[PDB]
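Listed below are the residues making up each chain.
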Amino acid sequence: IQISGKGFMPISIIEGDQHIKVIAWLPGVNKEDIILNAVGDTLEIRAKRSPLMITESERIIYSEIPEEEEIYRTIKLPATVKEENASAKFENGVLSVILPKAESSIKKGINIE
Amino acid sequence: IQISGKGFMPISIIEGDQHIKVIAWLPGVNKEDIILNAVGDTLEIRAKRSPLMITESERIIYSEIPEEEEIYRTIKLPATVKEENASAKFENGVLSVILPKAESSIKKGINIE
Amino acid sequence: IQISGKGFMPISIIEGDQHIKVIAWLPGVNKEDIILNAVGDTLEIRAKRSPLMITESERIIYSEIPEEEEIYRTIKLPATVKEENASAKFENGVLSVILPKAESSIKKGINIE
Amino acid sequence: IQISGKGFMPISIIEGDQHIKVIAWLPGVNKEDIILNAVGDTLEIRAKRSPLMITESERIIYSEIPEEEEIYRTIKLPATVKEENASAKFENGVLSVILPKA
Amino acid sequence: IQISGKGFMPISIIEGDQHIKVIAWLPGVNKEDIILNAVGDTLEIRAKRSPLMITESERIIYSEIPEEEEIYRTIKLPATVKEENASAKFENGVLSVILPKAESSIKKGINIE
Amino acid sequence: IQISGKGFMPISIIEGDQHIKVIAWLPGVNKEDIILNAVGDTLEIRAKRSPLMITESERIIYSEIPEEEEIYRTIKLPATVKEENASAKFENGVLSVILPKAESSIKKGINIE
């Protein structure tokens, strides 16, 4: 597999026998500012959060949180997933996207003596 | 100032003339599993998120997200704030706490004599 | 991608999400002296040039124009494309081919609002 | 002879006993977007290839072809030619020009 | 080829003219705790050994045997095999897998002229 | 291309427009001790030469020739070859095998506008 993008964005890939549950923390991002796309065995994520606005009377004295907004990731899945039958959920800034496996190896397996 | 605690939890301190706005990303943490306590000129927040549950049929293959649950911080504010008149907002795993500065903490402008 | 072609290659690869396009210059080559072959995600091109000759009566000052009696290209496309839906156009010594993406690279991603 | 201009435009000057046939590959340029001028013993070829414009949905991922539009040359012929009795041919982006010697 | 998994599990790949015999040591593993899944030109083994049970009076003073239970591998076969017509044997903690080669994988003989 | 094997066995690949004549010095190898097998776009030849026997009165004092007998080379040709129409020649310890290219001989044709 290969990951590509820009911006701090940890992701967790949970493979299954019928899907590949993927988790990714996206705090501060609205529900609509997420353009999610996918096809075959590759995932295309798009996201963006508004900048840290401050009033003229306010002032930033110490902040370790990044500031860049445009952030995305492009993962190349090993097998194909049914994008048409896929779903996703975004709660508490946590994007949980399900990728049902497509014409995957049936992995029927072999009988062992 | 001095920050102390455990885990991963970036925080941004936005000082103001009448209040101290603070931002902290708490993704995957339930709104109820957040203990907000403070008094005088010190802040302490304790948060915890449920473990990444996976079905027995599932299996993790690649996850960069940390796993430790119990995480908190202990910020030592420079001046005094009005905790009784404070507020907090937890949206998209983004805790926005407002700490109005105390009346005695504001710069007593005696002007020229 | 990887491309080896002995003939001069002033070539382009114009990726279109609805359908991929490709533009290269073969001035002086006839429409019949071109063999277009494509399948899956690979392109095979075979053309000619007929190198210039100098008459004994003529006193050719020089010949800056370079050409190979037999030119060729072998491009490995990144994604699949419909060989049957491909459309070749050879005008002004320029072969402008449009190889639609396999299934028009329509893709499919969740909205999550 | 002397060649002067801009861009990439190989030219082949085929001299003869009664004419000076010249060849020049001009792919992508239209037959009308070629201003051919000549007089005495000097040549001037002014051309321009349309830009590699793409639709808003399209995108360029790999193209070694140049991008400049306006291109021309200025060949100083050795002897005099009959510009009034000159002609040219533009087929397959190949501008085949003939100049009967004076 | 590439092998990937976790734990201790030596494997030996025995190529043949009509099959790809593979050997694998799974000591201490029951016959039922082995899900052997093969399709096309790949292999996977889902194994797990029970924990070393000890009586309350017993104590472990020296053991070089690993402790982790979850163990598996992912072998990438060079050619394709007929998994539907494949077999395997597991005797004395030795997994003997029989992988008949596919019709397209068999190499044709050439007589030396 | 990719060469793989064991021992010392220089090989020279002579590609052609209709075949890929290959040369390989196999001194001391009998004509019968040559296993020629190929299919698609790959070649494998297993050769072996008996050890230099010596009489009890003889003695080896200096020999830079290797000793291992089983030697072979598995080459992955860049294109497909018609193994059914292959030929081989072994003269002066030089195995010359002419393999007619299958893809090159078959060729392809598509309409262009």
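Residues numbered from 1 in each chain as written, not as in the entry; some residues may be left out. Chains lettered and ligands numbered in written order. Part of a larger assembly, values for the part shown. Heavy atoms only, no water.

Below, the discussion takes up the arrangement of the chains. When the 7 pairs of chains in contact are compared, the highest contact count belongs to chains C and D. One finds no contact linking chain B with chain D; the least C-alpha distance across the pair is 31 Å. (Contact = heavy atoms within 4.5 Å.)

It is worth spelling out the sheet that holds strand β8 (residues 94-98) of chain F at this point. All names here are of chain F. Read across the sheet, 4 strands follow the order β2-β3-β8-β7 without closing on themselves; strand pairing throughout is antiparallel. With partners counted over all chains shown, the strands left at the sheet margins are β2 (11-15) and β7 (87-91), one partner each. In this sheet, adjacent strand axes meet at a mean angle of 15° when their direction is disregarded. Pairing of strand β3 (residues 20-25) with β8, which is carried by 4 bridges, proceeds in the antiparallel orientation. Note on β8: the bridge partner recorded for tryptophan 25 is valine 94. (Pairing = 2+ DSSP bridges. Helix = DSSP H or I, 4+ residues; strand = E, 2+ residues; numbered from the N terminus. Axes fitted to C-alpha atoms, helices over the stretch in contact; angles between N-to-C directions.)

A cluster of nonpolar side chains, namely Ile1(A), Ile3(A), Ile61(B) and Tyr62(B), defines an oily patch on the protein surface of about 400 Å² accessible area. In this structure, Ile3(A) sits in the segment before β1 (5-6). (Patch = residues over 30% accessible without salt bridge, like charges linked within 9 Å, V, L, I, M, F, W, Y side chains within 5 Å. Areas by Shrake-Rupley, 256 points an atom, 1.4 Å probe, with all protein chains shown as cover. Salt bridge = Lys/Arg side-chain N within 4 Å of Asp/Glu carboxyl O.)

Listed under "domain: sHSP" in the UniProt record, and renumbered for this structure, are residues 2-113 of chain A. Helix makes up 0% of residues 2-113 of chain A and strand 39%. Its end C-alpha atoms lie 38 Å apart. (UniProt positions renumbered as here; feature names shortened; annotations may be inferred.)

What follows deals with the pattern of salt bridges. Counted by the stated rule, this structure contains 19 salt bridges over all chains. The shortest N-O distance in the salt bridge between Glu15(F) and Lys101(F) comes to 3.3 Å. Remark: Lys101(F) occurs in the loop between β8 and α1 (102-106) and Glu15(F) occurs in strand β2; sequence separation between them is 86 residues. In this structure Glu15(F) comes out as exposed when scored by relative accessible area, which is 54%. A residue is classified by how much of its surface remains accessible, and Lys101(F), at 10% relative accessible area, is buried. Each of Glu44(C), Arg46(C), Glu103(F) and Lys108(F) takes part in a single network of salt bridges with overlapping partners. (Buried < 20%, exposed > 50% of the residue type's maximum accessible area, 1.4 Å probe, protein only.)

Buried within the structure, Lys101(B) lacks any salt-bridge partner; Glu15(B) is the closest side chain of opposite charge, at an N-O distance of 4.4 Å. The contacts of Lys101(B), once residues within four sequence positions are left out, are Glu15(B), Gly16(B), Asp17(B), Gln18(B), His19(B), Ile20(B), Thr80(B), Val81(B) and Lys82(B). (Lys, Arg positive; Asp, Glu negative; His and termini not counted.)

Its identity as a non-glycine residue notwithstanding, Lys107(C) has a phi of 65°, on the positive side. Turning to its location among the elements, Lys107(C) is positioned in the segment after β8 (94-99). The backbone of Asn92(E) shows a phi angle near 60°, a positive value even though the residue is not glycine. Relative accessible area serves as the criterion here: at 78%, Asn92(E) is assigned to the exposed category.

Attention now goes to the packing of aromatic side chains. Considering all chains together, one arrives at 2 aromatic pairs over all chains under this definition. An angle of 55° between the planes, with centres 5.6 Å apart, marks the rings of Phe8(C) and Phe8(D) as tilted. Taken together, the residues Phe8(C) in the segment before β1 (12-16) and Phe8(D) in the loop between β1 (5-6) and β2 (11-15) connect one chain to another. Of the residues examined, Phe8(D) reaches a relative accessible area of 48% and is grouped as partly exposed. (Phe/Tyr/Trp six-rings, centres within 6.5 Å; stacked < 30°, edge-to-face > 60°.)

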